[PDB]
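Asker: Please read through the structure below; I'll follow up with questions.
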Amino acid sequence: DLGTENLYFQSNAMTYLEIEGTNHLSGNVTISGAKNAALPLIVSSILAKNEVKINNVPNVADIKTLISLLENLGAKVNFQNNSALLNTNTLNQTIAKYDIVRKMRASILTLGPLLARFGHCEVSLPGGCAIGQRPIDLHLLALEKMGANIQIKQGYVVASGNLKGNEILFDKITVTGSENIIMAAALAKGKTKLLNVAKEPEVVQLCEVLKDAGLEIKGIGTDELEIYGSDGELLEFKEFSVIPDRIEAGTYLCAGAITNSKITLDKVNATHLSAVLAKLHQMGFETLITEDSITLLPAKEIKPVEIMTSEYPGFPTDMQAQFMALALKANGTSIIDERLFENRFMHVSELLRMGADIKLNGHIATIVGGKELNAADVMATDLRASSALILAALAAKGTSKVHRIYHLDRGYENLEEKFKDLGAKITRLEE
Amino acid sequence: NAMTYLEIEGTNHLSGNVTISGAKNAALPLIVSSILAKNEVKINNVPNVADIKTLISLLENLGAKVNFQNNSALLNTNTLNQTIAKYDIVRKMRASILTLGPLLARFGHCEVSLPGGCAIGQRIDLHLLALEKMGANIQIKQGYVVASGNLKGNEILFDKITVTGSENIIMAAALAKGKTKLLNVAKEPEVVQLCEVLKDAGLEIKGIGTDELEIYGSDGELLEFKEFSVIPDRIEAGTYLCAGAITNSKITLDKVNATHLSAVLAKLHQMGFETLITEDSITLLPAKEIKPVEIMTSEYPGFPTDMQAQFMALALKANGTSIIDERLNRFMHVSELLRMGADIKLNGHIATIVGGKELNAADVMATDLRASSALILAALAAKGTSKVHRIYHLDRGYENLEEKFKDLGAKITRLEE
Ligand SMILES: [Cl-]
């Protein structure tokens, strides 16, 4: 999911965003291709005997890193105008100790395809693996069910053996684990049956592409897949476009709502935002869909909302912060119920400095909307929190300053240009 | 000194007493807290496990004079010198980040290795943001944290309930300049003991046991510690209770605090097992029929996620359908129970157990401590002789685990793999 280290804290070379508030918005914003779909779709070219064409690919750091890793392993690549060309005919793995760190982070997606196609694969134990403990993120248990022999012998995890189909149960709903095992099953011998499979549109596209490429797969879109493996034979890929970034789209919608403004989104799929559109409706905003486009209409009054995060197709945790920001304008008390898994409320402290009335009680945030928000100097954290602070700034009185935008820039390309075209008064300055 | 495994015969019935050890998760922060003591600190009822020894040895490497025998430790950090703590025994230790707070606060800077911990993908760490709010300058070069600056009191909000974050910031606030206010603080008994010890040692602290603490920092002045015993290990206790329940047997636990297991005792009651408390001891009585249970994990004092697996194992003997609702892995033990004939179905984050079916013995691979506990329990109730491999997480969590089950009557034996 993430392609580099904790460079967030390195604030010697850095920039920040200055945003003036209380400006009505207007116009159109084109939604980019989903970063989380593109990553597994690029890793999937490991399964293609021919040239793979992929369109609507966001030009972000993680995409570039992945492409460069495949080049280092022999793949012939090209990437321009959000379109990539992949050919893994010459792909070969390198000696366990070559591109060490790059291969360790990408192993959550590449481990499966590489072990399946090439019969073996080595990944380095991260720092923090006490004698014995194997990485639980890799789905090592899953691959063992498919006949893989796994061992820890020189500071690395060494997987080997020919993969065969089997019934595999996911201990928890995992987007990357699903994608990693879907690609392993694709080349294994015989039929694989996956249970408790993530239903996210990103997983669905992966399956659709493989199906379109000749693989027998049933249950697409459900939590239970049946895959008839090609028994080592690579597939004939066909050109396709990466799906629109539903989170990015959700965030532009909240920008239109929090400023209580008419705006329109292009190159967007409403079917992937069901839960989000329903909540915007619960808050008084009418939605209007015309295939690849969505238009948001202002509300008479912004009404409070109750949100509980869950796995797709429920309300996405990746939109929780943007809705907390919008709930600040609602005429009444809102409630947001989150999962105690990876902070998730990093944006709260910074909103308090903008005069927000927010109280945390364990995993549940109570928002008392109505107060006028005041501008402030805020420190952004993850992508999620970063989106929320920009939204709050657009509705607050005065000029705000959003610092530490490292996670935001690695998540979205031309972010200023899009807000600028919608009429927002945003400018980047040197820290 | 190679890998070993456990061979367990499906027991018909247990009986006797089991003494509960001191909580490893309390002991770790309490040992790190001697960094805040100007004199000798005495700590009793300390479990003899790998993480305890490693931590003691880390403090020795930094200058502290130490000793550890018969579950009792002596700590004196009068000679604690440098705050450079970047070794590999420390890198692998998950609880080592607990030292960052005390060392930065007392000495003005420190270097510690990022724990990580087998995960490929990592977090922004919540400890680091918290210390920045207290004026600290943080930087990451290589896989180490370089912290510096003088700490000052401030109002700090925890983005999520975190046991170690709380402990780490409670110790930092203790020596910082001025008043600190902590919000959304974990209420676990482990955090509570830390606060009690510091209060007893002369620190002005209010709200102990609640989710909101108020700390008046001693502005660099160290505290006078008083001798104490680490609290009993509530998870270990919960696990011996499930052993007694899954074998539907009368057993008793000693050196245990029932107040720290209220949610767990309530569920055992919901399943037909009578509980009987007498001072520091609990006695479990068999049920006429084991009844199904509905469990939802939550923050203390609710049902602990650290007992969820042991209850899934017990639900296999219940006459009916049970439900366990978890936080999004936490169900790594499910696959191995299926090979013992269990009827368990996962639907996202909710497991449905259809108890009643007879469990059969099997050759299983344990994973984390949680899963490891569950497999031993299932083995005791299954028919035949099971074999539980990969017990490295179990041995680092409990000492003389065989000896305790043996004394309760279980047929368990350790063999070389
Ligand atoms: Cl108090």
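Residues are referred to by chain and number: the chain letter is A, B, ... according to the order shown in the structure tokens, the number counts from 1 in that chain, and ligands are numbered separately from 1 in the order shown.
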Please find the residues contacting ligand 1 at a distance of at most 7 Å between atoms, with only C-alpha atoms and all ligand atoms counted, and report them as a PyMOL selection string.
Answerer: chain B and resi 205-208
Asker: Go ahead and write the residues just picked, C-alpha atoms, as a compact mmCIF listing (two decimals), in the first residue's frame.
Answerer:
```txt
# COMPACT_ATOMS: atom_id res chain seq x y z
CA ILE B 205 -1.42 12.81 39.50
CA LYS B 206 -5.24 12.93 39.35
CA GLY B 207 -7.86 10.82 37.57
CA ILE B 208 -6.18 7.43 38.11
```
Asker: Do me a favour and pick out the residues of chain B within 6 Å of chain A, using only C-alpha atoms, as a ChimeraX atom specification.
Answerer: /B:91-92,115-120,139,159-160,329,331-332,348
Asker: Excluding region 160-166 of chain A and any residue of its chain fewer than 6 positions from it, enumerate the residues within 12 Å of it, using only C-alpha atoms, and give them as a VMD selection string.
Answerer: chain A and resid 111 to 123 140 142 to 152 181 to 195 225 to 232
Asker: What does the file look like for those residues with N, CA and C atoms, as a compact mmCIF listing (two decimals), in the first residue's frame?
Answerer:
```
# COMPACT_ATOMS: atom_id res chain seq x y z
N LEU A 111 4.77 -11.15 -3.85
CA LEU A 111 5.15 -12.49 -3.37
C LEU A 111 4.39 -13.60 -4.08
N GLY A 112 3.08 -13.45 -4.16
CA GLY A 112 2.23 -14.43 -4.81
C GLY A 112 2.56 -14.70 -6.28
N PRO A 113 2.49 -13.66 -7.14
CA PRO A 113 2.79 -13.83 -8.57
C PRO A 113 4.18 -14.42 -8.85
N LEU A 114 5.19 -13.93 -8.14
CA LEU A 114 6.57 -14.40 -8.31
C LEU A 114 6.77 -15.85 -7.86
N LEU A 115 6.19 -16.24 -6.74
CA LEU A 115 6.35 -17.63 -6.28
C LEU A 115 5.63 -18.55 -7.24
N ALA A 116 4.43 -18.14 -7.65
CA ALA A 116 3.64 -18.94 -8.59
C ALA A 116 4.32 -19.12 -9.94
N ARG A 117 4.75 -18.02 -10.56
CA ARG A 117 5.38 -18.08 -11.89
C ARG A 117 6.76 -18.72 -11.88
N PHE A 118 7.63 -18.26 -10.99
CA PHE A 118 9.02 -18.72 -10.94
C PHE A 118 9.38 -19.89 -10.01
N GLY A 119 8.46 -20.30 -9.14
CA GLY A 119 8.72 -21.44 -8.26
C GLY A 119 9.46 -21.18 -6.97
N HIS A 120 9.88 -19.94 -6.75
CA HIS A 120 10.58 -19.58 -5.52
C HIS A 120 10.65 -18.06 -5.44
N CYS A 121 10.91 -17.56 -4.24
CA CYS A 121 11.00 -16.12 -4.00
C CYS A 121 11.56 -15.88 -2.60
N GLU A 122 12.41 -14.86 -2.47
CA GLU A 122 13.04 -14.53 -1.20
C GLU A 122 12.76 -13.08 -0.84
N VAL A 123 12.31 -12.87 0.39
CA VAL A 123 12.06 -11.53 0.93
C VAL A 123 12.79 -11.43 2.27
N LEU A 140 1.64 -16.02 4.33
CA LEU A 140 2.51 -17.20 4.29
C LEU A 140 1.70 -18.46 4.55
N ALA A 142 -1.40 -18.88 3.77
CA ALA A 142 -2.17 -19.08 2.52
C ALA A 142 -1.36 -19.83 1.47
N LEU A 143 -0.13 -19.39 1.26
CA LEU A 143 0.74 -20.03 0.28
C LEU A 143 1.12 -21.47 0.69
N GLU A 144 1.23 -21.74 1.99
CA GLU A 144 1.53 -23.11 2.47
C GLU A 144 0.40 -24.05 2.14
N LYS A 145 -0.83 -23.55 2.23
CA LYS A 145 -2.04 -24.32 1.86
C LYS A 145 -1.99 -24.70 0.38
N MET A 146 -1.29 -23.89 -0.42
CA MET A 146 -1.15 -24.14 -1.85
C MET A 146 0.11 -24.95 -2.16
N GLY A 147 0.67 -25.61 -1.14
CA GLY A 147 1.84 -26.47 -1.30
C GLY A 147 3.21 -25.82 -1.20
N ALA A 148 3.27 -24.54 -0.85
CA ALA A 148 4.55 -23.86 -0.76
C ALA A 148 5.33 -24.25 0.49
N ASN A 149 6.66 -24.37 0.33
CA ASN A 149 7.55 -24.70 1.42
C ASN A 149 8.21 -23.40 1.83
N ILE A 150 7.93 -22.96 3.06
CA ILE A 150 8.47 -21.72 3.59
C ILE A 150 9.46 -21.98 4.72
N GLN A 151 10.54 -21.20 4.73
CA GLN A 151 11.58 -21.31 5.74
C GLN A 151 12.32 -20.01 5.97
N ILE A 152 12.83 -19.86 7.19
CA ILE A 152 13.61 -18.70 7.60
C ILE A 152 15.01 -19.21 7.93
N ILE A 181 -3.22 -13.25 -3.19
CA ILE A 181 -3.59 -14.66 -3.33
C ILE A 181 -4.40 -14.92 -4.63
N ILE A 182 -5.18 -13.93 -5.07
CA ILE A 182 -5.88 -14.05 -6.35
C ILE A 182 -4.85 -14.26 -7.48
N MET A 183 -3.77 -13.50 -7.46
CA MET A 183 -2.73 -13.62 -8.49
C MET A 183 -1.94 -14.93 -8.36
N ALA A 184 -1.76 -15.43 -7.14
CA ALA A 184 -1.06 -16.72 -6.95
C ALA A 184 -1.92 -17.87 -7.50
N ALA A 185 -3.21 -17.85 -7.14
CA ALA A 185 -4.17 -18.85 -7.60
C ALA A 185 -4.28 -18.89 -9.12
N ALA A 186 -4.16 -17.72 -9.75
CA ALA A 186 -4.25 -17.60 -11.20
C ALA A 186 -3.36 -18.56 -11.98
N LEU A 187 -2.14 -18.80 -11.50
CA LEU A 187 -1.18 -19.70 -12.16
C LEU A 187 -1.02 -21.08 -11.52
N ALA A 188 -1.60 -21.29 -10.34
CA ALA A 188 -1.46 -22.56 -9.65
C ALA A 188 -2.16 -23.70 -10.39
N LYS A 189 -1.87 -24.93 -9.98
CA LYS A 189 -2.47 -26.11 -10.57
C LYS A 189 -3.81 -26.36 -9.97
N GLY A 190 -4.86 -26.39 -10.80
CA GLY A 190 -6.20 -26.70 -10.32
C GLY A 190 -7.03 -25.56 -9.80
N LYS A 191 -8.13 -25.92 -9.15
CA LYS A 191 -9.09 -24.98 -8.62
C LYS A 191 -8.80 -24.51 -7.19
N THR A 192 -8.90 -23.19 -7.01
CA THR A 192 -8.74 -22.52 -5.74
C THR A 192 -10.09 -21.93 -5.38
N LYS A 193 -10.40 -21.96 -4.08
CA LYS A 193 -11.62 -21.39 -3.58
C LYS A 193 -11.21 -20.46 -2.44
N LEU A 194 -11.58 -19.18 -2.56
CA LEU A 194 -11.26 -18.16 -1.58
C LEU A 194 -12.51 -17.78 -0.81
N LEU A 195 -12.38 -17.65 0.51
CA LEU A 195 -13.49 -17.34 1.41
C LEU A 195 -13.18 -16.11 2.24
N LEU A 225 -14.74 -16.41 -3.97
CA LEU A 225 -14.24 -16.63 -5.33
C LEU A 225 -13.83 -18.06 -5.59
N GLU A 226 -13.97 -18.47 -6.85
CA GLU A 226 -13.60 -19.77 -7.34
C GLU A 226 -12.71 -19.52 -8.55
N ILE A 227 -11.45 -19.96 -8.44
CA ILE A 227 -10.46 -19.74 -9.48
C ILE A 227 -9.86 -21.04 -10.00
N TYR A 228 -9.94 -21.22 -11.32
CA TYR A 228 -9.38 -22.37 -11.99
C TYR A 228 -8.04 -21.89 -12.51
N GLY A 229 -6.97 -22.34 -11.86
CA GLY A 229 -5.62 -21.94 -12.21
C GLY A 229 -5.15 -22.42 -13.57
N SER A 230 -4.36 -21.59 -14.24
CA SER A 230 -3.83 -21.88 -15.57
C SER A 230 -2.64 -22.87 -15.58
N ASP A 231 -2.31 -23.43 -14.42
CA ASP A 231 -1.23 -24.42 -14.27
C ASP A 231 0.09 -23.96 -14.92
N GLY A 232 0.55 -22.78 -14.52
CA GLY A 232 1.82 -22.25 -15.01
C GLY A 232 1.80 -21.49 -16.32
```
Asker: What lies within 12 Å of residue 385 (chain A) using only C-alpha atoms, ignoring chain neighbours under 4 positions off, as a ChimeraX atom specification?
Answerer: /A:251,317-325,343-351,378-381,389-392,402-408 /B:124,159
Asker: From the DSSP assignment of the backbone, select every residue of region 251-366 of chain B that is strand (DSSP E or B), and format the answer as JSON, numbers by chain.
Answerer: {"B": [251, 252, 253, 254, 274, 275, 276, 277, 278, 281, 282, 283, 284, 285, 294, 295, 296, 321, 322, 323, 324, 325, 344, 345, 346, 347, 350, 351, 352, 353, 354, 360, 363, 364, 365]}
Asker: Generate a file of the selected residues that holds N, CA, C and O atoms, formatted as a short mmCIF file (atom, residue, chain, number, x, y, z; two decimals), in the first residue's frame.
Answerer:
```cif
data_model
loop_
_atom_site.label_atom_id
_atom_site.label_comp_id
_atom_site.auth_asym_id
_atom_site.auth_seq_id
_atom_site.Cartn_x
_atom_site.Cartn_y
_atom_site.Cartn_z
N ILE B 251 -11.72 -26.25 39.16
CA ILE B 251 -10.34 -25.81 39.36
C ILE B 251 -10.31 -24.47 40.11
O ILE B 251 -11.33 -23.75 40.18
N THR B 252 -9.13 -24.13 40.62
CA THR B 252 -8.96 -22.92 41.41
C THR B 252 -7.69 -22.18 41.04
O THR B 252 -6.64 -22.80 40.82
N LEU B 253 -7.80 -20.85 41.01
CA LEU B 253 -6.67 -20.01 40.69
C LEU B 253 -6.25 -19.19 41.90
O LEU B 253 -7.07 -18.63 42.58
N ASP B 254 -4.94 -19.13 42.14
CA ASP B 254 -4.38 -18.36 43.24
C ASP B 254 -3.54 -17.17 42.76
O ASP B 254 -3.04 -17.16 41.62
N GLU B 274 -20.46 -21.31 37.09
CA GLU B 274 -20.52 -20.49 38.28
C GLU B 274 -19.09 -20.10 38.64
O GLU B 274 -18.15 -20.89 38.49
N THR B 275 -18.94 -18.86 39.07
CA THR B 275 -17.68 -18.29 39.52
C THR B 275 -17.83 -18.18 41.05
O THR B 275 -18.96 -18.04 41.55
N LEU B 276 -16.73 -18.26 41.77
CA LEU B 276 -16.73 -18.12 43.25
C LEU B 276 -15.45 -17.43 43.66
O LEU B 276 -14.37 -18.01 43.50
N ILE B 277 -15.56 -16.21 44.17
CA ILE B 277 -14.40 -15.40 44.53
C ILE B 277 -14.18 -15.34 46.05
O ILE B 277 -15.13 -15.16 46.82
N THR B 278 -12.92 -15.50 46.45
CA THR B 278 -12.52 -15.47 47.85
C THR B 278 -11.13 -14.85 47.93
O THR B 278 -10.11 -15.55 47.77
N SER B 281 -8.37 -15.23 45.16
CA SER B 281 -8.52 -16.53 44.50
C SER B 281 -9.91 -16.65 43.81
O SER B 281 -10.89 -16.04 44.25
N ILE B 282 -9.95 -17.47 42.76
CA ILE B 282 -11.16 -17.74 42.01
C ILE B 282 -11.27 -19.24 41.84
O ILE B 282 -10.28 -19.90 41.54
N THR B 283 -12.49 -19.74 42.00
CA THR B 283 -12.79 -21.16 41.85
C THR B 283 -13.90 -21.30 40.82
O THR B 283 -14.95 -20.64 40.92
N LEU B 284 -13.64 -22.10 39.79
CA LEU B 284 -14.59 -22.33 38.70
C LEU B 284 -15.33 -23.65 38.89
O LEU B 284 -14.70 -24.68 39.02
N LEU B 285 -16.66 -23.62 38.85
CA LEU B 285 -17.49 -24.81 38.98
C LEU B 285 -18.04 -25.25 37.62
O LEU B 285 -18.40 -24.39 36.80
N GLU B 294 -22.38 -14.79 23.20
CA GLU B 294 -22.24 -13.71 22.24
C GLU B 294 -21.21 -12.78 22.83
O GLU B 294 -21.38 -12.30 23.93
N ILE B 295 -20.15 -12.52 22.08
CA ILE B 295 -19.06 -11.68 22.54
C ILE B 295 -18.69 -10.59 21.54
O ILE B 295 -18.59 -10.83 20.34
N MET B 296 -18.48 -9.38 22.06
CA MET B 296 -18.02 -8.26 21.26
C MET B 296 -16.81 -7.69 21.99
O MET B 296 -16.90 -7.32 23.17
N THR B 321 -25.19 -22.23 19.04
CA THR B 321 -24.43 -21.29 18.21
C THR B 321 -23.95 -20.04 18.96
O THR B 321 -24.76 -19.32 19.54
N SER B 322 -22.65 -19.78 18.89
CA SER B 322 -22.02 -18.62 19.53
C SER B 322 -21.60 -17.59 18.48
O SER B 322 -21.42 -17.92 17.32
N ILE B 323 -21.45 -16.34 18.90
CA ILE B 323 -21.03 -15.27 18.03
C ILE B 323 -19.91 -14.45 18.69
O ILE B 323 -20.04 -14.04 19.84
N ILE B 324 -18.85 -14.18 17.93
CA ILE B 324 -17.71 -13.37 18.35
C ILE B 324 -17.48 -12.24 17.33
O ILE B 324 -17.15 -12.49 16.18
N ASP B 325 -17.65 -10.99 17.77
CA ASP B 325 -17.50 -9.77 16.95
C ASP B 325 -16.20 -9.05 17.29
O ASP B 325 -16.10 -8.39 18.33
N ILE B 344 -16.74 -23.44 12.18
CA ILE B 344 -16.55 -22.00 12.37
C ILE B 344 -16.60 -21.31 11.01
O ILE B 344 -15.91 -21.72 10.09
N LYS B 345 -17.42 -20.26 10.92
CA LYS B 345 -17.60 -19.49 9.68
C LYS B 345 -17.37 -18.01 9.92
O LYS B 345 -17.92 -17.43 10.85
N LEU B 346 -16.50 -17.41 9.09
CA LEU B 346 -16.16 -15.99 9.21
C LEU B 346 -16.90 -15.17 8.16
O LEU B 346 -16.87 -15.49 6.97
N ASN B 347 -17.54 -14.10 8.62
CA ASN B 347 -18.28 -13.20 7.77
C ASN B 347 -17.77 -11.80 8.10
O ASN B 347 -18.33 -11.09 8.93
N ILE B 350 -16.91 -11.01 11.98
CA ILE B 350 -17.75 -11.74 12.91
C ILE B 350 -17.68 -13.24 12.65
O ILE B 350 -17.95 -13.70 11.52
N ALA B 351 -17.34 -14.00 13.69
CA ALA B 351 -17.23 -15.46 13.62
C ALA B 351 -18.44 -16.13 14.25
O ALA B 351 -18.80 -15.80 15.37
N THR B 352 -19.05 -17.07 13.54
CA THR B 352 -20.18 -17.82 14.03
C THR B 352 -19.68 -19.23 14.39
O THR B 352 -19.13 -19.92 13.55
N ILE B 353 -19.85 -19.64 15.63
CA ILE B 353 -19.39 -20.97 16.07
C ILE B 353 -20.60 -21.89 16.30
O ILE B 353 -21.51 -21.52 17.02
N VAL B 354 -20.61 -23.06 15.68
CA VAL B 354 -21.68 -24.02 15.90
C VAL B 354 -21.07 -25.12 16.77
O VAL B 354 -20.46 -26.05 16.27
N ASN B 360 -11.68 -33.51 17.00
CA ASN B 360 -10.71 -34.57 16.78
C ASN B 360 -9.32 -33.96 16.91
O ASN B 360 -9.13 -32.78 16.60
N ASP B 363 -2.46 -32.17 14.13
CA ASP B 363 -1.11 -31.62 14.10
C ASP B 363 -1.31 -30.18 13.66
O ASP B 363 -1.67 -29.94 12.51
N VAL B 364 -1.11 -29.22 14.56
CA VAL B 364 -1.35 -27.82 14.27
C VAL B 364 -0.13 -26.92 14.46
O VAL B 364 0.77 -27.22 15.24
N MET B 365 -0.14 -25.81 13.72
CA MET B 365 0.88 -24.79 13.76
C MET B 365 0.32 -23.57 14.50
O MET B 365 -0.63 -22.92 14.04
#
```
Asker: Report as a list in words all protein, DNA and RNA residues lying within 10 Å of residue 72 (chain A), evaluated on only C-alpha atoms, omitting residues in the same chain fewer than 5 positions from it.
Answerer: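 So the residues in contact are residues 66, 67, 91, 92, 93, 94, 98 and 99 of chain A.
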Asker: Export, as an mmCIF file, in the first residue's frame, the selected residues with N, CA, C and O atoms.
Answerer:
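Final file, selection.cif:
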```cif
data_model
loop_
_atom_site.group_PDB
_atom_site.id
_atom_site.type_symbol
_atom_site.label_atom_id
_atom_site.label_comp_id
_atom_site.auth_asym_id
_atom_site.auth_seq_id
_atom_site.Cartn_x
_atom_site.Cartn_y
_atom_site.Cartn_z
ATOM 1 N N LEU A 66 7.164 1.170 -8.028
ATOM 2 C CA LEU A 66 6.788 -0.174 -8.442
ATOM 3 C C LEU A 66 7.324 -0.478 -9.855
ATOM 4 O O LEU A 66 7.951 -1.526 -10.072
ATOM 5 N N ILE A 67 7.073 0.439 -10.797
ATOM 6 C CA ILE A 67 7.554 0.281 -12.163
ATOM 7 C C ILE A 67 9.072 0.063 -12.177
ATOM 8 O O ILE A 67 9.567 -0.847 -12.839
ATOM 9 N N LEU A 91 11.411 -10.982 -17.398
ATOM 10 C CA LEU A 91 11.466 -10.847 -15.954
ATOM 11 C C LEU A 91 12.236 -12.035 -15.351
ATOM 12 O O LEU A 91 11.917 -13.188 -15.638
ATOM 13 N N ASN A 92 13.219 -11.751 -14.510
ATOM 14 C CA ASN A 92 13.932 -12.792 -13.762
ATOM 15 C C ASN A 92 14.163 -12.196 -12.392
ATOM 16 O O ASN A 92 14.287 -10.981 -12.259
ATOM 17 N N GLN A 93 14.215 -13.040 -11.363
ATOM 18 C CA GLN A 93 14.473 -12.557 -10.005
ATOM 19 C C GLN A 93 15.981 -12.469 -9.798
ATOM 20 O O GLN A 93 16.760 -13.157 -10.465
ATOM 21 N N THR A 94 16.380 -11.617 -8.872
ATOM 22 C CA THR A 94 17.783 -11.413 -8.572
ATOM 23 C C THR A 94 18.164 -12.103 -7.251
ATOM 24 O O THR A 94 17.291 -12.480 -6.470
ATOM 25 N N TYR A 98 19.984 -8.283 -3.339
ATOM 26 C CA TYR A 98 20.210 -7.163 -4.273
ATOM 27 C C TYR A 98 19.418 -5.879 -3.969
ATOM 28 O O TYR A 98 19.976 -4.928 -3.421
ATOM 29 N N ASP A 99 18.136 -5.836 -4.342
ATOM 30 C CA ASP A 99 17.295 -4.627 -4.157
ATOM 31 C C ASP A 99 16.439 -4.768 -2.881
ATOM 32 O O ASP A 99 15.240 -4.449 -2.867
#
```
Asker: So which residues of region 112-145 of chain A fall under alpha helix (DSSP H) by DSSP, listed as a ChimeraX atom specification?
Answerer: /A:112-118,140-145
Asker: Check the smallest atom-to-atom distance from each of B:100, B:126, B:237, B:194 to residue 146 (chain B) using only C-alpha atoms, then report the winner.
Answerer: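 The shortest atom-to-atom distance to residue 146 (chain B) comes from B:100.
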Asker: What does the structure give for the distance between CA of residue 357 (chain B) and CA of residue 318 (chain B), in Å to one decimal?
Answerer: 9.3 Å
Asker: Tell me which protein, DNA and RNA residues are within 8 Å of region 177-186 of chain B, counting only C-alpha atoms, leaving out same-chain ones fewer than 2 positions away, and put them as a compact mmCIF listing (two decimals) with C-alpha atoms, in the first residue's frame.
Answerer:
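Written output follows (part-v5.txt):
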```
# COMPACT_ATOMS: atom_id res chain seq x y z
CA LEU A 360 -13.51 11.50 21.75
CA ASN A 361 -14.92 8.70 23.90
CA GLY A 362 -12.85 5.65 23.06
CA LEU B 151 9.80 18.43 27.67
CA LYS B 152 7.02 20.71 28.84
CA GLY B 153 3.49 19.94 30.00
CA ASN B 154 0.64 20.19 27.53
CA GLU B 155 -2.86 18.91 26.81
CA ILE B 156 -2.48 15.73 24.79
CA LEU B 157 -5.24 13.82 23.06
CA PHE B 158 -4.73 10.17 22.15
CA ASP B 159 -6.11 9.60 18.61
CA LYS B 160 -6.85 6.04 19.73
CA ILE B 161 -6.85 4.14 23.02
CA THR B 162 -3.25 2.99 23.36
CA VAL B 163 -1.84 1.12 26.36
CA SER B 166 -0.29 6.11 27.59
CA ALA B 173 5.00 13.92 31.70
CA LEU B 175 9.56 14.72 34.69
CA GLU B 188 -6.24 -1.07 31.57
CA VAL B 191 -1.74 1.55 33.12
CA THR B 210 -10.28 7.11 34.43
CA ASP B 211 -9.67 8.03 30.80
CA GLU B 212 -8.48 11.51 31.77
CA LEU B 213 -5.25 12.19 33.69
CA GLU B 214 -3.78 15.39 35.10
CA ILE B 215 -0.04 15.32 35.78
CA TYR B 216 2.10 17.97 37.46
CA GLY B 217 5.63 17.34 36.20
CA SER B 218 8.53 17.29 38.66
CA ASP B 219 10.65 19.42 36.26
CA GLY B 220 13.52 16.89 36.08
CA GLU B 299 -11.44 -1.54 25.34
CA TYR B 300 -11.05 -2.28 29.08
```
